[PDB]
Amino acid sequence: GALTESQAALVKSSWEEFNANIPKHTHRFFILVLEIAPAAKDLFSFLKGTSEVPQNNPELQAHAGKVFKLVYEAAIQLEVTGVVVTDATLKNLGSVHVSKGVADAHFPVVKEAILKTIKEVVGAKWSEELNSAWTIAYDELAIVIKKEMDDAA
């Protein structure tokens, strides 16, 4: 697809729509996670010991926000520049994943959980051209973190 001017305009537009409601989209995101894969619950300090996904836990909100930000920034950088750039932060991300017991097979879990979350966020504006654009940008960003975990292992 590439990332045409017209595609990037479509991710930016759809991210601004996500951030517009963090405590919803983020608790949704964690439920789509636990639907796709229930065991994933023991991983999260803030979910351990609990029985249901807390809805106002700051630890959880802060966590999930940071995750979508990072995917959007990735799409812009792909249309301007043509790439996703690996920095200190992605590197540290890879460390903390490993300490907590996270593996690669866990990633399509969190992708489908983000596509399905953005398809839920944009609703009728949804196009092929836009699904194509978020897929490209997640795939391109996961390639980069998985890279850094393998390296923290």
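We call the rigid core whatever largest set of C-alpha positions still superposes within 1.5 Å between the two forms. Start at 1 with the first residue shown and count on from there.
Using the rigid core as the fitting frame, the root mean square C-alpha deviation in 8 other deposited structures of this protein is greater for 45 to 53 than for the other of 45 to 53 and 85 to 93.
Higher mean CA B-factor, judged across 11 to 19 and 133 to 141 from the recorded values: 11 to 19. For the pair 80 to 88 and 112 to 120, the mean Cα B-factor is higher in 80 to 88. Between the residues 58, 94, 65, 38, it is 65 that shows the highest Cα B-factor in the PDB record. Remark: residue 53 belongs to the highest third of its chain, ranked by C-alpha B-factor as recorded. Ranked by Cα temperature factor within the chain, residue 29 sits in the middle third according to the deposited record. Among all modelled residues in its chain, residue 106 ranks in the middle third by Cα B-factor.
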